[PDB]
file query-v1.cif (mmCIF, C-alpha atoms and all ligand atoms)
data_work
#
loop_
_atom_site.label_atom_id
_atom_site.label_comp_id
_atom_site.auth_asym_id
_atom_site.auth_seq_id
_atom_site.Cartn_x
_atom_site.Cartn_y
_atom_site.Cartn_z
CA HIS I 4 -6.65 -28.86 -4.24
CA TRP I 5 -7.48 -25.26 -3.68
CA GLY I 6 -6.38 -22.43 -5.88
CA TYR I 7 -7.60 -19.47 -7.85
CA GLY I 8 -9.21 -21.06 -10.96
CA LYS I 9 -12.89 -21.54 -11.87
CA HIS I 10 -13.02 -24.89 -10.48
CA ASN I 11 -10.93 -24.45 -7.32
CA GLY I 12 -11.08 -20.79 -6.44
CA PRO I 13 -12.37 -18.79 -3.49
CA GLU I 14 -15.96 -19.55 -4.12
CA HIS I 15 -15.17 -23.34 -3.55
CA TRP I 16 -12.96 -23.13 -0.50
CA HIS I 17 -15.81 -23.52 2.00
CA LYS I 18 -16.24 -27.19 1.04
CA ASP I 19 -12.86 -28.12 2.47
CA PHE I 20 -12.56 -25.26 4.94
CA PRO I 21 -16.05 -24.44 6.36
CA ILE I 22 -14.58 -21.52 8.36
CA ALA I 23 -14.61 -19.73 4.95
CA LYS I 24 -18.18 -18.70 5.86
CA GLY I 25 -17.15 -17.71 9.41
CA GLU I 26 -17.72 -14.59 11.45
CA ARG I 27 -14.26 -13.01 11.10
CA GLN I 28 -13.08 -13.67 7.54
CA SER I 29 -10.70 -11.57 5.52
CA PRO I 30 -10.23 -9.58 3.42
CA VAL I 31 -12.93 -6.95 3.78
CA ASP I 32 -13.90 -3.71 2.13
CA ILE I 33 -12.69 -0.73 4.18
CA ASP I 34 -15.44 1.92 4.14
CA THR I 35 -13.50 5.04 4.93
CA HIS I 36 -16.59 6.89 5.93
CA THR I 37 -17.60 4.45 8.59
CA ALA I 38 -14.19 3.53 10.05
CA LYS I 39 -13.98 5.54 13.21
CA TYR I 40 -10.92 7.28 14.45
CA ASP I 41 -9.78 5.66 17.72
CA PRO I 42 -7.53 8.05 19.72
CA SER I 43 -6.60 5.19 21.99
CA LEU I 44 -4.69 3.41 19.13
CA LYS I 45 -0.91 3.80 19.24
CA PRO I 46 1.56 4.43 16.62
CA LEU I 47 2.82 1.34 15.04
CA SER I 48 6.33 0.26 15.87
CA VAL I 49 8.00 -1.50 12.93
CA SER I 50 11.54 -2.58 13.96
CA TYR I 51 13.16 -4.19 10.98
CA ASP I 52 16.82 -3.04 11.28
CA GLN I 53 17.98 -6.50 12.35
CA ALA I 54 15.81 -8.50 9.92
CA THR I 55 17.47 -11.55 8.36
CA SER I 56 15.95 -12.67 5.09
CA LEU I 57 16.87 -16.22 4.10
CA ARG I 58 15.04 -17.50 1.02
CA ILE I 59 12.37 -16.90 -1.56
CA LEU I 60 9.89 -19.69 -2.42
CA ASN I 61 7.19 -20.15 -5.09
CA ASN I 62 4.59 -22.10 -3.13
CA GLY I 63 2.15 -22.47 -6.01
CA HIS I 64 -0.11 -19.66 -4.61
CA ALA I 65 2.32 -16.76 -4.34
CA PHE I 66 5.98 -16.31 -3.57
CA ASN I 67 7.16 -15.94 0.02
CA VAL I 68 10.24 -14.08 1.20
CA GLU I 69 11.18 -15.93 4.40
CA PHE I 70 12.97 -14.58 7.46
CA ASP I 71 14.85 -16.03 10.38
CA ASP I 72 12.17 -15.94 13.10
CA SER I 73 14.24 -17.92 15.66
CA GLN I 74 14.88 -14.63 17.67
CA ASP I 75 13.31 -11.07 18.00
CA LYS I 76 15.09 -9.57 15.10
CA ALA I 77 12.28 -8.03 12.98
CA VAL I 78 9.27 -7.25 15.13
CA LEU I 79 6.04 -5.43 15.04
CA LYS I 80 4.62 -3.95 18.19
CA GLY I 81 2.35 -1.08 19.22
CA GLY I 82 -0.54 -0.03 17.15
CA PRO I 83 -3.54 -2.14 18.22
CA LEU I 84 -1.24 -4.88 19.46
CA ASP I 85 -0.35 -6.15 22.96
CA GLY I 86 3.03 -7.77 22.98
CA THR I 87 5.60 -8.59 20.34
CA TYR I 88 5.11 -10.13 16.94
CA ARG I 89 7.99 -11.61 14.90
CA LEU I 90 8.26 -11.33 11.16
CA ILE I 91 8.19 -14.76 9.47
CA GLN I 92 7.51 -13.99 5.77
CA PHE I 93 6.07 -11.57 3.33
CA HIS I 94 4.22 -12.20 0.12
CA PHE I 95 1.95 -10.43 -2.38
CA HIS I 96 -1.38 -10.84 -4.10
CA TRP I 97 -1.85 -9.35 -7.58
CA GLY I 98 -3.99 -9.17 -10.62
CA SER I 99 -3.98 -10.02 -14.32
CA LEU I 100 -4.46 -6.24 -14.96
CA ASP I 101 -3.71 -3.16 -12.98
CA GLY I 102 -7.38 -2.66 -12.02
CA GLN I 103 -7.54 -5.62 -9.64
CA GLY I 104 -5.21 -7.62 -7.43
CA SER I 105 -5.64 -6.36 -3.90
CA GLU I 106 -7.50 -8.39 -1.29
CA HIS I 107 -8.65 -5.51 0.86
CA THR I 108 -10.49 -2.75 -0.98
CA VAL I 109 -10.96 0.90 0.04
CA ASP I 110 -14.45 2.23 -0.70
CA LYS I 111 -14.64 -0.67 -3.20
CA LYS I 112 -11.41 0.44 -4.94
CA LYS I 113 -9.14 -2.42 -5.89
CA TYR I 114 -5.40 -1.76 -6.03
CA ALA I 115 -3.03 -3.51 -8.46
CA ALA I 116 -1.51 -5.61 -5.67
CA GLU I 117 -1.24 -6.00 -1.91
CA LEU I 118 1.78 -6.85 0.23
CA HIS I 119 1.32 -8.90 3.39
CA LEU I 120 4.05 -8.87 6.07
CA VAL I 121 3.16 -11.76 8.38
CA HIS I 122 4.14 -11.77 12.04
CA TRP I 123 3.42 -14.18 14.92
CA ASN I 124 2.87 -13.50 18.60
CA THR I 125 5.92 -14.56 20.55
CA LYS I 127 3.85 -15.50 23.56
CA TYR I 128 2.77 -18.65 21.67
CA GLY I 129 6.32 -19.84 20.97
CA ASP I 130 5.98 -20.89 17.30
CA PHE I 131 3.91 -20.02 14.22
CA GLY I 132 1.93 -23.22 14.25
CA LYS I 133 0.75 -22.63 17.82
CA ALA I 134 0.07 -18.95 17.11
CA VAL I 135 -2.33 -19.64 14.27
CA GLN I 136 -4.55 -21.51 16.77
CA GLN I 137 -5.12 -18.34 18.78
CA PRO I 138 -7.38 -15.40 18.05
CA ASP I 139 -4.47 -12.98 18.69
CA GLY I 140 -1.84 -15.18 17.18
CA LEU I 141 -0.84 -13.20 14.07
CA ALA I 142 -0.44 -9.61 13.01
CA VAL I 143 -0.44 -8.93 9.31
CA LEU I 144 0.70 -5.60 7.93
CA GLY I 145 -1.03 -4.98 4.63
CA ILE I 146 0.28 -2.46 2.12
CA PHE I 147 -1.42 -1.56 -1.17
CA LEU I 148 0.48 -1.28 -4.41
CA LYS I 149 -0.48 1.18 -7.17
CA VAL I 150 1.17 1.35 -10.60
CA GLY I 151 3.23 4.48 -11.25
CA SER I 152 6.85 5.14 -10.40
CA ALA I 153 9.13 2.17 -9.70
CA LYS I 154 9.80 1.06 -6.11
CA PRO I 155 13.57 0.77 -5.90
CA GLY I 156 13.45 -1.44 -2.89
CA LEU I 157 11.30 -3.97 -4.73
CA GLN I 158 13.64 -4.51 -7.62
CA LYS I 159 15.79 -7.14 -5.89
CA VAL I 160 12.64 -9.23 -5.50
CA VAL I 161 11.56 -8.74 -9.06
CA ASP I 162 14.86 -9.69 -10.53
CA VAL I 163 15.05 -13.10 -8.72
CA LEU I 164 11.58 -14.20 -9.89
CA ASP I 165 12.97 -15.84 -13.04
CA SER I 166 14.74 -18.34 -10.79
CA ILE I 167 11.57 -19.42 -9.03
CA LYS I 168 9.20 -19.53 -11.90
CA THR I 169 7.28 -22.65 -10.96
CA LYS I 170 5.73 -24.19 -7.91
CA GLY I 171 8.23 -25.66 -5.44
CA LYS I 172 11.25 -23.68 -6.59
CA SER I 173 13.26 -21.72 -4.07
CA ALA I 174 16.33 -19.51 -4.17
CA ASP I 175 18.67 -18.05 -1.58
CA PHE I 176 17.52 -14.55 -0.70
CA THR I 177 19.79 -13.10 1.96
CA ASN I 178 20.35 -9.49 3.02
CA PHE I 179 17.00 -8.17 1.74
CA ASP I 180 15.75 -5.16 3.75
CA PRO I 181 11.93 -5.03 4.00
CA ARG I 182 12.07 -1.40 5.10
CA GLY I 183 12.37 -0.59 1.46
CA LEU I 184 8.79 -1.73 0.87
CA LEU I 185 7.13 0.63 3.37
CA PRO I 186 5.32 3.91 2.48
CA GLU I 187 6.20 7.16 4.23
CA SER I 188 3.23 7.17 6.63
CA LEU I 189 2.29 4.47 9.05
CA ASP I 190 -1.32 5.62 9.39
CA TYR I 191 -3.52 2.51 9.41
CA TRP I 192 -6.86 0.84 9.71
CA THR I 193 -7.25 -2.24 11.94
CA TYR I 194 -9.78 -4.99 12.43
CA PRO I 195 -9.88 -8.66 13.55
CA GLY I 196 -9.86 -11.24 10.77
CA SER I 197 -8.38 -14.30 9.20
CA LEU I 198 -5.78 -15.75 6.91
CA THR I 199 -6.87 -15.04 3.35
CA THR I 200 -5.85 -18.49 2.06
CA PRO I 201 -6.75 -21.94 3.38
CA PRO I 202 -6.90 -22.88 6.17
CA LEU I 203 -8.57 -19.44 6.64
CA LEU I 204 -7.95 -19.47 10.42
CA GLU I 205 -9.42 -16.58 12.42
CA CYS I 206 -6.14 -15.63 14.10
CA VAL I 207 -5.16 -12.29 12.59
CA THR I 208 -5.11 -8.70 13.77
CA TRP I 209 -5.03 -6.84 10.47
CA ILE I 210 -3.15 -3.58 10.17
CA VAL I 211 -3.76 -2.06 6.70
CA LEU I 212 -1.74 1.01 5.86
CA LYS I 213 -3.60 3.94 4.32
CA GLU I 214 -0.80 5.10 2.05
CA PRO I 215 -0.05 2.78 -0.96
CA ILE I 216 3.39 2.27 -2.38
CA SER I 217 4.05 2.93 -6.03
CA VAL I 218 5.54 0.23 -8.25
CA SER I 219 6.15 0.41 -11.95
CA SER I 220 4.23 -1.38 -14.62
CA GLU I 221 7.38 -3.28 -15.48
CA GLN I 222 7.70 -4.51 -11.88
CA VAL I 223 4.14 -5.88 -11.72
CA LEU I 224 4.52 -7.40 -15.18
CA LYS I 225 7.28 -9.57 -13.81
CA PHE I 226 5.06 -10.85 -11.03
CA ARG I 227 2.62 -11.92 -13.72
CA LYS I 228 5.27 -14.09 -15.44
CA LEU I 229 5.34 -16.45 -12.50
CA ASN I 230 3.53 -19.82 -12.73
CA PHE I 231 1.08 -21.59 -10.50
CA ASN I 232 2.13 -24.92 -12.00
CA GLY I 233 5.18 -26.98 -11.37
CA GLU I 234 8.11 -27.42 -13.80
CA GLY I 235 7.18 -28.92 -17.12
CA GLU I 236 3.48 -28.82 -16.45
CA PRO I 237 1.03 -26.83 -18.56
CA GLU I 238 1.80 -23.19 -17.98
CA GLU I 239 -0.79 -21.25 -16.02
CA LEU I 240 0.33 -17.77 -15.18
CA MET I 241 0.26 -16.82 -11.50
CA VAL I 242 -2.22 -13.95 -11.68
CA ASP I 243 -5.42 -13.07 -9.80
CA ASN I 244 -4.20 -14.81 -6.63
CA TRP I 245 -6.51 -12.69 -4.47
CA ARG I 246 -9.56 -13.57 -2.35
CA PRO I 247 -12.43 -11.08 -2.77
CA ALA I 248 -13.86 -9.06 0.10
CA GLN I 249 -15.87 -11.02 2.70
CA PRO I 250 -18.77 -9.89 4.86
CA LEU I 251 -17.81 -7.63 7.69
CA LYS I 252 -20.41 -9.11 10.03
CA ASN I 253 -20.18 -7.99 13.56
CA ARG I 254 -16.83 -6.05 13.22
CA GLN I 255 -15.66 -2.54 13.38
CA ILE I 256 -12.76 -1.15 11.45
CA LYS I 257 -10.77 1.45 13.44
CA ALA I 258 -8.61 4.23 12.09
CA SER I 259 -5.38 5.39 13.70
CA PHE I 260 -5.73 8.83 12.11
CA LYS I 261 -8.19 11.71 11.69
ZN ZN Z 1 -1.64 -12.70 1.87
#
call {"tool": "encode", "arguments": {"input": "query-v1.cif", "output": "structure tokens"}}
result
Amino acid sequence: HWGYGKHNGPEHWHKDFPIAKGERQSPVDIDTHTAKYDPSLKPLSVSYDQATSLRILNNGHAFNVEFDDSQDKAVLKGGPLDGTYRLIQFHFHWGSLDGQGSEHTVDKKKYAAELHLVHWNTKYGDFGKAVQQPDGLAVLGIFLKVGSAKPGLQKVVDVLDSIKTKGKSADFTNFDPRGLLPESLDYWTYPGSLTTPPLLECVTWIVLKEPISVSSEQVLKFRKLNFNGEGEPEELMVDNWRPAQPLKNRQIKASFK
């Protein structure tokens, strides 16, 4: 099945998921010189004080930190969005080396990693229904650069030993995702897709301009994870990123001057 090798990676996904060659695929390169400032965009409202993390899972493609999304406890609103979007999970994409790993790029610059906070539109009732709608999801994307450690990431890093291989999970309560946000909420936005199969064109992307800094040691621990299951040949979970896709008939809008 699909993955990030030579034989099963992004360049093959279209055979099982033809929407891979669609009109609104993600990620994309963000050309900062052609993204136009849109004064009509609102400030983003990130309301994560009541968030309830539950569990962390290695799904064979990344690790997901999962939230209780049975009520409006951690929501994203404002920005480009109409209505209320509930946080369901976050995960990352990262590289084998610090010079690649992000999905979005900025003027062709690749960051070491990218965080995706995934939220679904409450008007559709559940995640599975939301992903069938063009405005079903809002994904907040945050770039990671290597420098100073991110204190608020360390709790994540230190549990990764317990979910080394595909299908392992661990309890992961009381984690506060506010500790993963940069200072500024300035953003770019465009309409796109999930970046992994099934590649559904259901996402309003909100990509923050300001990266967070993580330490080399932190990212090194991500790279100790495995794509494989327990007692299978070890294949390090690295380079779990889809490259930039054609922008096609889209515009990327900036919330800032
Ligand atoms: Zn992602």
call {"tool": "residues_near_ligand", "arguments": {"input": "query-v1.cif", "ligand": "ligand ZN 1 (chain Z)", "cutoff": "10 Å", "atoms": "all atoms listed in the file", "output": "JSON list (two decimals) with C-alpha atoms, in the coordinates of the input"}}
result
[["chain", "number", "residue", "atom", "x", "y", "z"],
["I", 29, "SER", "CA", -10.70, -11.57, 5.52],
["I", 30, "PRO", "CA", -10.23, -9.58, 3.42],
["I", 64, "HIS", "CA", -0.11, -19.66, -4.61],
["I", 65, "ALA", "CA", 2.32, -16.76, -4.34],
["I", 67, "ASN", "CA", 7.16, -15.94, 0.02],
["I", 93, "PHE", "CA", 6.07, -11.57, 3.33],
["I", 94, "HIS", "CA", 4.22, -12.20, 0.12],
["I", 95, "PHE", "CA", 1.95, -10.43, -2.38],
["I", 96, "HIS", "CA", -1.38, -10.84, -4.10],
["I", 105, "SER", "CA", -5.64, -6.36, -3.90],
["I", 106, "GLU", "CA", -7.50, -8.39, -1.29],
["I", 117, "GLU", "CA", -1.24, -6.00, -1.91],
["I", 118, "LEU", "CA", 1.78, -6.85, 0.23],
["I", 119, "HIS", "CA", 1.32, -8.90, 3.39],
["I", 120, "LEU", "CA", 4.05, -8.87, 6.07],
["I", 121, "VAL", "CA", 3.16, -11.76, 8.38],
["I", 143, "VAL", "CA", -0.44, -8.93, 9.31],
["I", 144, "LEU", "CA", 0.70, -5.60, 7.93],
["I", 145, "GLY", "CA", -1.03, -4.98, 4.63],
["I", 198, "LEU", "CA", -5.78, -15.75, 6.91],
["I", 199, "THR", "CA", -6.87, -15.04, 3.35],
["I", 200, "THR", "CA", -5.85, -18.49, 2.06],
["I", 244, "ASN", "CA", -4.20, -14.81, -6.63],
["I", 245, "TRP", "CA", -6.51, -12.69, -4.47],
["I", 246, "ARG", "CA", -9.56, -13.57, -2.35]]
call {"tool": "closest_atom_pairs", "arguments": {"input": "query-v1.cif", "of": "segment 47-114 of chain I", "to": "segment 165-180 of chain I", "cutoff": "8 Å", "atoms": "all atoms listed in the file", "output": "Markdown table"}}
result
| residue | atom | partner | partner_atom | distance |
| --- | --- | --- | --- | --- |
| I:51 | CA | I:180 | CA | 7.7 |
| I:52 | CA | I:180 | CA | 7.9 |
| I:54 | CA | I:180 | CA | 7.0 |
| I:55 | CA | I:178 | CA | 6.4 |
| I:56 | CA | I:177 | CA | 5.0 |
| I:57 | CA | I:177 | CA | 4.8 |
| I:58 | CA | I:176 | CA | 4.2 |
| I:59 | CA | I:174 | CA | 5.4 |
| I:60 | CA | I:173 | CA | 4.3 |
| I:61 | CA | I:170 | CA | 5.1 |
| I:62 | CA | I:170 | CA | 5.3 |
| I:63 | CA | I:170 | CA | 4.4 |
| I:68 | CA | I:176 | CA | 7.5 |
call {"tool": "atom_distance", "arguments": {"input": "query-v1.cif", "atom1": "atom CA of residue 6 of chain I", "atom2": "atom CA of residue 232 of chain I"}}
result
10.8 Å
call {"tool": "closest_residue", "arguments": {"input": "query-v1.cif", "among": "I:158, I:136, I:48, I:35", "to": "residue 112 of chain I", "atoms": "only C-alpha atoms"}}
result
I:35
call {"tool": "closest_residue", "arguments": {"input": "query-v1.cif", "among": "I:154, I:206, I:201, I:238", "to": "residue 182 of chain I", "atoms": "all atoms listed in the file"}}
result
I:154
call {"tool": "atom_distance", "arguments": {"input": "query-v1.cif", "atom1": "atom CA of residue 123 of chain I", "atom2": "atom CA of residue 80 of chain I"}}
result
10.8 Å
call {"tool": "closest_residue", "arguments": {"input": "query-v1.cif", "among": "I:25, I:53, I:111, I:90", "to": "residue 247 of chain I", "atoms": "only C-alpha atoms"}}
result
I:111
call {"tool": "closest_residue", "arguments": {"input": "query-v1.cif", "among": "I:192, I:210, I:137, I:31", "to": "residue 49 of chain I", "atoms": "only C-alpha atoms"}}
result
I:210
call {"tool": "closest_residue", "arguments": {"input": "query-v1.cif", "among": "I:127, I:261, I:254, I:149", "to": "residue 217 of chain I", "atoms": "all atoms listed in the file"}}
result
I:149
call {"tool": "atom_distance", "arguments": {"input": "query-v1.cif", "atom1": "atom CA of residue 46 of chain I", "atom2": "atom CA of residue 85 of chain I"}}
result
12.5 Å
call {"tool": "closest_residue", "arguments": {"input": "query-v1.cif", "among": "I:234, I:130, I:190, I:26", "to": "residue 82 of chain I", "atoms": "all atoms listed in the file"}}
result
I:190
call {"tool": "residues_around", "arguments": {"input": "query-v1.cif", "residues": "segment 18-20 of chain I", "least_positions_apart": "4", "cutoff": "10 Å", "atoms": "only C-alpha atoms", "output": "short mmCIF file (atom, residue, chain, number, x, y, z; two decimals) with C-alpha atoms, in the frame of the given file"}}
result
data_model
loop_
_atom_site.label_atom_id
_atom_site.label_comp_id
_atom_site.auth_asym_id
_atom_site.auth_seq_id
_atom_site.Cartn_x
_atom_site.Cartn_y
_atom_site.Cartn_z
CA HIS I 4 -6.65 -28.86 -4.24
CA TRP I 5 -7.48 -25.26 -3.68
CA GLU I 14 -15.96 -19.55 -4.12
CA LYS I 24 -18.18 -18.70 5.86
CA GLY I 25 -17.15 -17.71 9.41
CA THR I 200 -5.85 -18.49 2.06
CA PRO I 201 -6.75 -21.94 3.38
CA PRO I 202 -6.90 -22.88 6.17
CA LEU I 203 -8.57 -19.44 6.64
CA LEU I 204 -7.95 -19.47 10.42
#
call {"tool": "residues_around", "arguments": {"input": "query-v1.cif", "residues": "residue 141 of chain I", "least_positions_apart": "4", "cutoff": "7 Å", "atoms": "all atoms listed in the file", "output": "PyMOL selection string"}}
result
chain I and resi 122-124+134-135+206-208
call {"tool": "residues_around", "arguments": {"input": "query-v1.cif", "residues": "residue 27 of chain I", "least_positions_apart": "3", "cutoff": "9 Å", "atoms": "all atoms listed in the file", "output": "PDB file with C-alpha atoms, in the coordinates of the input"}}
result
ATOM      1  CA  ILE I  22     -14.580 -21.520   8.360  1.00  0.00           C
ATOM      2  CA  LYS I  24     -18.180 -18.700   5.860  1.00  0.00           C
ATOM      3  CA  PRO I 195      -9.880  -8.660  13.550  1.00  0.00           C
ATOM      4  CA  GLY I 196      -9.860 -11.240  10.770  1.00  0.00           C
ATOM      5  CA  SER I 197      -8.380 -14.300   9.200  1.00  0.00           C
ATOM      6  CA  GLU I 205      -9.420 -16.580  12.420  1.00  0.00           C
ATOM      7  CA  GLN I 249     -15.870 -11.020   2.700  1.00  0.00           C
ATOM      8  CA  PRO I 250     -18.770  -9.890   4.860  1.00  0.00           C
ATOM      9  CA  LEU I 251     -17.810  -7.630   7.690  1.00  0.00           C
ATOM     10  CA  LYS I 252     -20.410  -9.110  10.030  1.00  0.00           C
ATOM     11  CA  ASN I 253     -20.180  -7.990  13.560  1.00  0.00           C
ATOM     12  CA  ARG I 254     -16.830  -6.050  13.220  1.00  0.00           C
TER      13      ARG I 254
END
call {"tool": "residues_around", "arguments": {"input": "query-v1.cif", "residues": "residue 221 of chain I", "least_positions_apart": "4", "cutoff": "12 Å", "atoms": "only C-alpha atoms", "output": "JSON list (two decimals) with C-alpha atoms, in the frame of the given file"}}
result
[["chain", "number", "residue", "atom", "x", "y", "z"],
["I", 101, "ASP", "CA", -3.71, -3.16, -12.98],
["I", 150, "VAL", "CA", 1.17, 1.35, -10.60],
["I", 151, "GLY", "CA", 3.23, 4.48, -11.25],
["I", 152, "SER", "CA", 6.85, 5.14, -10.40],
["I", 153, "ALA", "CA", 9.13, 2.17, -9.70],
["I", 154, "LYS", "CA", 9.80, 1.06, -6.11],
["I", 157, "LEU", "CA", 11.30, -3.97, -4.73],
["I", 158, "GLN", "CA", 13.64, -4.51, -7.62],
["I", 161, "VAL", "CA", 11.56, -8.74, -9.06],
["I", 162, "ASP", "CA", 14.86, -9.69, -10.53],
["I", 217, "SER", "CA", 4.05, 2.93, -6.03],
["I", 225, "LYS", "CA", 7.28, -9.57, -13.81],
["I", 226, "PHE", "CA", 5.06, -10.85, -11.03],
["I", 227, "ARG", "CA", 2.62, -11.92, -13.72],
["I", 228, "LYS", "CA", 5.27, -14.09, -15.44]]
call {"tool": "residues_around", "arguments": {"input": "query-v1.cif", "residues": "residue 83 of chain I", "least_positions_apart": "3", "cutoff": "8 Å", "atoms": "all atoms listed in the file", "output": "number ranges by chain"}}
result
I: 44-45, 47, 193
call {"tool": "decode", "arguments": {"input": "query-v1.cif", "residues": "segment 114-160 of chain I", "atoms": "C-alpha atoms", "output": "PDB file, in the first residue's frame"}}
result
ATOM      1  CA  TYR I 114      11.915  23.603   6.315  1.00  0.00           C
ATOM      2  CA  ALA I 115      13.099  20.717   8.514  1.00  0.00           C
ATOM      3  CA  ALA I 116       9.529  19.739   9.394  1.00  0.00           C
ATOM      4  CA  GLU I 117       5.918  20.880   9.287  1.00  0.00           C
ATOM      5  CA  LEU I 118       3.194  20.566  11.916  1.00  0.00           C
ATOM      6  CA  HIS I 119      -0.405  20.058  10.845  1.00  0.00           C
ATOM      7  CA  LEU I 120      -3.238  20.799  13.310  1.00  0.00           C
ATOM      8  CA  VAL I 121      -6.323  19.243  11.725  1.00  0.00           C
ATOM      9  CA  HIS I 122      -9.803  20.595  12.383  1.00  0.00           C
ATOM     10  CA  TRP I 123     -13.252  19.678  11.007  1.00  0.00           C
ATOM     11  CA  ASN I 124     -16.263  21.861  10.303  1.00  0.00           C
ATOM     12  CA  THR I 125     -18.893  21.280  12.937  1.00  0.00           C
ATOM     13  CA  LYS I 127     -21.697  21.936  10.494  1.00  0.00           C
ATOM     14  CA  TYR I 128     -21.031  18.461   9.016  1.00  0.00           C
ATOM     15  CA  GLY I 129     -21.380  16.620  12.329  1.00  0.00           C
ATOM     16  CA  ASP I 130     -18.390  14.227  12.101  1.00  0.00           C
ATOM     17  CA  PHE I 131     -14.950  14.047  10.478  1.00  0.00           C
ATOM     18  CA  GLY I 132     -15.919  11.433   7.951  1.00  0.00           C
ATOM     19  CA  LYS I 133     -18.771  13.574   6.614  1.00  0.00           C
ATOM     20  CA  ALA I 134     -16.602  16.704   6.676  1.00  0.00           C
ATOM     21  CA  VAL I 135     -13.931  15.253   4.431  1.00  0.00           C
ATOM     22  CA  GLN I 136     -16.598  14.882   1.709  1.00  0.00           C
ATOM     23  CA  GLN I 137     -17.125  18.636   1.575  1.00  0.00           C
ATOM     24  CA  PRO I 138     -14.992  21.308  -0.048  1.00  0.00           C
ATOM     25  CA  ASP I 139     -15.068  23.362   3.199  1.00  0.00           C
ATOM     26  CA  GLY I 140     -14.923  20.401   5.497  1.00  0.00           C
ATOM     27  CA  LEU I 141     -11.474  20.792   7.087  1.00  0.00           C
ATOM     28  CA  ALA I 142      -9.181  23.560   8.214  1.00  0.00           C
ATOM     29  CA  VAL I 143      -5.556  22.669   8.636  1.00  0.00           C
ATOM     30  CA  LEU I 144      -3.177  24.967  10.469  1.00  0.00           C
ATOM     31  CA  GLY I 145       0.320  24.425   9.154  1.00  0.00           C
ATOM     32  CA  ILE I 146       3.391  25.509  11.098  1.00  0.00           C
ATOM     33  CA  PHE I 147       6.985  25.221   9.862  1.00  0.00           C
ATOM     34  CA  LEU I 148       9.769  23.902  12.037  1.00  0.00           C
ATOM     35  CA  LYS I 149      13.373  25.135  11.771  1.00  0.00           C
ATOM     36  CA  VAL I 150      16.315  23.677  13.692  1.00  0.00           C
ATOM     37  CA  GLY I 151      17.810  25.958  16.333  1.00  0.00           C
ATOM     38  CA  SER I 152      16.759  26.408  19.936  1.00  0.00           C
ATOM     39  CA  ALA I 153      14.641  23.699  21.565  1.00  0.00           C
ATOM     40  CA  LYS I 154      10.850  24.068  21.732  1.00  0.00           C
ATOM     41  CA  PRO I 155       9.998  23.379  25.354  1.00  0.00           C
ATOM     42  CA  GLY I 156       6.421  22.615  24.591  1.00  0.00           C
ATOM     43  CA  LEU I 157       7.433  19.873  22.170  1.00  0.00           C
ATOM     44  CA  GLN I 158       9.511  17.892  24.601  1.00  0.00           C
ATOM     45  CA  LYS I 159       6.599  15.929  26.090  1.00  0.00           C
ATOM     46  CA  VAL I 160       5.901  14.626  22.584  1.00  0.00           C
TER      47      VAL I 160
END
